[PDB]
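Structure first, commentary second.
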Amino acid sequence: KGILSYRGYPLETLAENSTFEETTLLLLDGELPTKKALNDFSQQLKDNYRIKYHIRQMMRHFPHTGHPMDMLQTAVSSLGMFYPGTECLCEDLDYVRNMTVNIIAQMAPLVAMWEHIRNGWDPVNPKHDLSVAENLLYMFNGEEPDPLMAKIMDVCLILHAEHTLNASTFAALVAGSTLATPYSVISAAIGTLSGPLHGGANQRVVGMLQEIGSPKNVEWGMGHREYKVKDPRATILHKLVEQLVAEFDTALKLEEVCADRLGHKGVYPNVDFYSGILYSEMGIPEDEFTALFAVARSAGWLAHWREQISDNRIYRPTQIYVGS
Amino acid sequence: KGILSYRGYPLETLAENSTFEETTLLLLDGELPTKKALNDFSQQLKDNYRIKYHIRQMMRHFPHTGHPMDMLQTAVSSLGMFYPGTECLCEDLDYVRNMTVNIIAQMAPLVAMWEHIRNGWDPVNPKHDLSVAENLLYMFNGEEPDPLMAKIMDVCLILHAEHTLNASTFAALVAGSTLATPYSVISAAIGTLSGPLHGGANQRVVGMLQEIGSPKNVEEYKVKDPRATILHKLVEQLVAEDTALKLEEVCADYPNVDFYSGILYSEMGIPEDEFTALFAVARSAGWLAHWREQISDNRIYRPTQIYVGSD
């Protein structure tokens with residue numbers, strides 16, 4: 001139950017008085033950023049939101065049916081070609097950090113670009129005076145959102161920013177273990193997250209019910225390997241959903257599902273339990289729910305990628321399978 | 001301990017009496033296939049060799065400076081946006097195997113397309129009749145290679161087909177644990193191998209203009225790799241019917257198969273940039289092989305480690 005394991009800071013406290021940019025820095029650097037440092041970080045991130053025309057071109061070339069996560073993984077792998085380099089150490093610039101900020105910055109714009117392109121329309125460019133959360137809602141809705149909605153998105157980004165050693169980060173670590181480009185490792189993490197077992201947030205959006213949970217019983221997979229208790233992020237998302245709806249059928253149904261805790265004594269609501277409801281309530285399409293999660297986890301992935309300074313570990317495991 | 005361990009068949013047994021197609025089926029199914037099964041798998045492979053026009057158009061817009069491995073990863077992930085679905089186990093078809101053959105069949109063709117497009121020239125489309133190995137040399141060289149080189153290439157493929165749990169293979173498994181599109185998982189595998197630590201035959205094949213001397217000073221099989229010995233024999237055979245010599249000199253020390261992986265490819269005419277890629281065309285079979293058994297008994301890989309920080 002290592003709850004609030006964020007660079008030695010409680011997630012609830014970070015939920016306020018903190019931003020995705022500030023939280024991202026905290027994870028990347030390890031300590032709360034100074035005003036100057038945070039200002040420089042945000043500005044660099046803002047001037048990295050730009051997307052190469054080549055990326056938008058390939059996006060149009062591919063079909064609309066394509067899932068956003070697959071496009072995100074493909075785009076990130078492609079981004080590596082534009083900013084290549086091997087940290088074998090020769091070194092042209094500061095590959096670490098410089099590439100990371102460029103990636104984190106383009107993540108949101110890339111997601112929005114695919115949304116409009118797949119809908120047969122031109123992408124909404126991000127604003128250098130808009131934060132990641134601000135750009136997300138602004139680009140998706142085509143109009144800058146009210147501060148509350150932007151704040152809600154920022155809280156979500158902070159919640160999905162990092163979580164101990166999940167499969168997505170684990171894959172990123174193994175990828176980084178080979179001293180591969182950050183773009184390549186992020187591509188691997190995106191696919192690992194894409195999996196429903198890791199990113200089944202949309203898989204929990206299939207309520208297919210109306211306050212009839214008891215009949216719908218065993219004999220979407222509520223529970224977590226480490227969260228032997230309800231996920232704190234889930235509770236935060238729940239209150240966020242309550243505030244938004246206050247200002248709903250799925251919310252009632254999902255609350256009833258959690259209410260049937262009698263059935264589950266070990267497993268309990270996961271973060272994905274209410275994540276989709278809030279995103280849908282914010283207008284985000286179900287297809288992108290997991291994609292938004294990738295935008296936040298990008299910070300944690302790159303933070304662990306930086307923690308791979310001791311890359312002596314090639315991450316090669318031991319064979320135990322029966323080689324008959 | 002893991003030397004020559006392909007489904008219990010010593011790699012040497014596959015060295016001959018076996019082809020990457022049979023070896024791949026052997027690894028995937030676990031038992032040497034019957035004539036019918038091999039023929040069907042071969043025909044299905046020779047059927048998915050084709051590449052969607054969307055992929056090439058995308059490659060054309062991309063820059064020549066692009067590294068083959070980076071493009072390969074991008075391409076594999078992209079292909080996942082044509083053959084789609086999720087295994088809730090509703091599936092529109094037999095996702096497993098069907099996608100598996102598609103990925104393996106399109107691996108080499110994609111690599112070759114990049115080589116030509118990278119050089120601003122139209123790609124060499126594959127031939128249904130030719131084998132994966134035969135098509136490979138045909139696409140890169142631009143003409144039918146001698147059965148000799150083809151046989152050698154097929155052999156090299158079997159050697160790099162499967163290697164226990166290499167970082168790339170393990171990465172494929174971790175992603176599979178998440179039940180993710182085979183394309184996404186394999187693309188990730190392509191990322192891991194891209195790492196010089198996992199795959200750096202191109203880095204090794206090149207020397208610092210060594211003056212045929214031993215001044216170099218200091219600053220997992222511990223004995224010579226078995227596949228290395230196989231390449232060593234092929235190396236002497238090829239030169240029998242210069243650059244390798246210095247490597248034979250360094251054979252005095254040799255440990256890794258990579259030691260000679262590039263030279264052979266070089267004689268076949270393969271550019272250095274494509275060395276790591278060729279390896280992927282082979283390790284693909286293994287990655288997909290492990291993925292199948294994983295999805296059979298799959299549990300999301302969720303490890304844990306302590307970290308100082310307090311609160």
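Here's how to read the names in the structure tokens: chain A, B, ... by the order shown, residue numbers from 1 in each chain, ligand numbers from 1 in the order shown.
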
Find the residues of chain B that sit at most 7 Å from chain A; for each, write down the nearest two atoms and how far apart they are in Å, to one decimal. Count only C-alpha atoms. Sort by chain, then by number going up, and give it as CSV.
```
residue,atom,partner,partner_atom,distance
B:7,CA,A:323,CA,6.3
B:8,CA,A:324,CA,5.3
B:54,CA,A:61,CA,5.8
B:58,CA,A:58,CA,5.0
B:61,CA,A:54,CA,6.1
B:62,CA,A:54,CA,6.7
B:66,CA,A:81,CA,5.0
B:67,CA,A:81,CA,6.8
B:70,CA,A:77,CA,6.4
B:71,CA,A:78,CA,6.8
B:73,CA,A:77,CA,6.5
B:74,CA,A:74,CA,4.8
B:77,CA,A:74,CA,5.3
B:78,CA,A:74,CA,5.7
B:80,CA,A:70,CA,6.9
B:81,CA,A:66,CA,4.6
B:164,CA,A:319,CA,6.4
B:165,CA,A:317,CA,6.3
B:166,CA,A:316,CA,5.6
B:167,CA,A:316,CA,5.1
B:171,CA,A:171,CA,5.8
B:174,CA,A:171,CA,6.3
B:175,CA,A:192,CA,4.5
B:178,CA,A:195,CA,4.4
B:179,CA,A:195,CA,5.1
B:180,CA,A:195,CA,4.2
B:184,CA,A:191,CA,5.2
B:185,CA,A:191,CA,6.5
B:188,CA,A:188,CA,4.2
B:191,CA,A:184,CA,5.2
B:192,CA,A:175,CA,4.5
B:194,CA,A:180,CA,6.0
B:195,CA,A:180,CA,4.0
B:196,CA,A:178,CA,6.3
B:197,CA,A:178,CA,4.8
B:198,CA,A:178,CA,5.3
B:301,CA,A:167,CA,6.0
B:302,CA,A:167,CA,5.8
B:303,CA,A:165,CA,6.4
B:304,CA,A:165,CA,6.0
B:309,CA,A:8,CA,4.9
B:310,CA,A:8,CA,4.9
B:311,CA,A:8,CA,3.7
```

task: Please provide as a PyMOL selection string all residues within 8 Å of residue A:155, with the sequence filter that same-chain residues fewer than 4 positions apart are discarded (counting only C-alpha atoms).
output: chain A and resi 15-16+19-20+151+159

Per residue of stretch 62-152 of chain B within 12 Å of stretch 217-240 of chain B, which atom pair is closest and at what distance in Å (one decimal), using only C-alpha atoms, listed by chain and increasing number, as JSON lines?
```
{"residue": "B:148", "atom": "CA", "partner": "B:238", "partner_atom": "CA", "distance": 9.0}
{"residue": "B:149", "atom": "CA", "partner": "B:238", "partner_atom": "CA", "distance": 8.6}
{"residue": "B:151", "atom": "CA", "partner": "B:234", "partner_atom": "CA", "distance": 10.6}
{"residue": "B:152", "atom": "CA", "partner": "B:234", "partner_atom": "CA", "distance": 7.4}
```

Restricting to only C-alpha atoms, whichever of A:244, A:28, A:101, A:291 is closest to residue A:40 is A:101

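Reported to one decimal place, the separation of atom CA of residue B:101 from atom CA of residue B:44 is 7.1 Å.
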
| message | Can you tell me which residues surround residue A:209 at a distance of at most 9 Å, considering only C-alpha atoms, apart from same-chain residues fewer than 4 positions away, and format the answer as an NGL selection string? | response | :A and (213 or 216 or 250 or 253)

For residue B:285, the closest of B:137, B:257, B:104, B:247 counting only C-alpha atoms is B:104

Find the spatial neighbours of residue B:157, counting only C-alpha atoms, within a cut-off of 10 Å - ignore same-chain residues fewer than 3 positions away - and output them as a ChimeraX atom specification.
/B:15,19-21,23-24,132-133,151-154,160-162,278-283,285

Students should find that atom CA of residue B:111 and atom CA of residue B:75 are spaced 9.2 Å
